[PDB]
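Peer 1: Take this structure first; my questions come after.
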Amino acid sequence: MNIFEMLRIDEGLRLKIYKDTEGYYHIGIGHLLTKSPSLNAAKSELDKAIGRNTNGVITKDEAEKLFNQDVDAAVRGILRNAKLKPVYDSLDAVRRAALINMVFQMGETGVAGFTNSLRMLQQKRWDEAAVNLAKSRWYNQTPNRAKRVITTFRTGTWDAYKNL
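Numbering (my numbering), first residue to last: 8 to 171.
Laid out in structure tokens, this is it:
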């Protein structure tokens, strides 16, 4: 199992513009188009990202292309982040995958704000962090996903994703 498979599970794959749980427009494999109300705005951003006139629809290859660029940017974001870097460098390979997942979903900025949970992960206090992490809007809005990542940090294995 790896980060691409993991996120492919959590995000799904939609070939047409769609709204995610917070009503924002996306496409592909959890690719944020725009934060605004305009489908037009969204269609606009989509064409600029793809480089062609899409008319709100893209191919699988196109989606995978944005996906690879997005995974790439999440990792780089973590590495350039003063609050995130040390945490990530202190973790094992599986746990690193869980942090990249969070970053991909809510942004560096949103993750760097889980201050207390970050300290706990850094100290290898697995069960304590998992409870802290669950005290969040993030867990209350998308509990099944949040749970999967959380057990992941807890246990350091892919158990939560096997059978998916």
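Beta carbons: idealized from backbone N, C-alpha and C, even for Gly.
1. At what residues does the beta strand (DSSP E) containing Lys-26 begin and finish?
2. To the nearest angstrom, how far is it from the Cα of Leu-73 to the Cα of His-33?
3. Ignore the nearest five residues each way along the sequence and tell me which others in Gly-63's own chain have a CB closer than 7 Å to its CB.
4. For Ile-16, name the three-state secondary structure that DSSP assigns.
5. With a 10 Å radius around its C-beta and 16 neighbouring C-beta atoms as the bar for buried, classify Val-156 as buried or exposed.
6. Is the segment 115-122 close to the segment 87-94, with three or more CB pairs under 8 Å?
7. May I ask you to verify whether the segment 92-103 touches the segment 149-168, counting CB pairs closer than 8 Å and requiring at least 3?
8. Considering residue 2, what are the terminal residues of the beta strand (DSSP E) in which it resides?
9. Does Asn-139 pass the burial test, meaning 16 or more other C-beta atoms within 10 Å, or should it be called exposed?
Peer 2: Answer, in terms of the structure:
1. For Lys-26, the enclosing beta strand (DSSP E) stretches over residues 21-26.
2. Here the alpha carbons of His-33 and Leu-73 stand approximately 11 Å from one another.
3. Answer for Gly-63: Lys-23, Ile-24, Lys-50 and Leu-53, listed in chain order.
4. Correct three-state label for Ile-16: helix.
5. Around the CB of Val-156, 16 or more other CB atoms lie within 10 Å, so the residue is classed as buried.
6. Judged by Cβ distances under 8 Å, the segment 115-122 makes contact with the segment 87-94, as three or more pairs qualify.
7. Segments in contact, yes.
8. There is simply no residue 2 to check, as the chain begins at 8 and stops at 171 in what is shown.
9. Around the beta-carbon of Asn-139, 16 or more other beta-carbon atoms lie within 10 Å, marking it buried.
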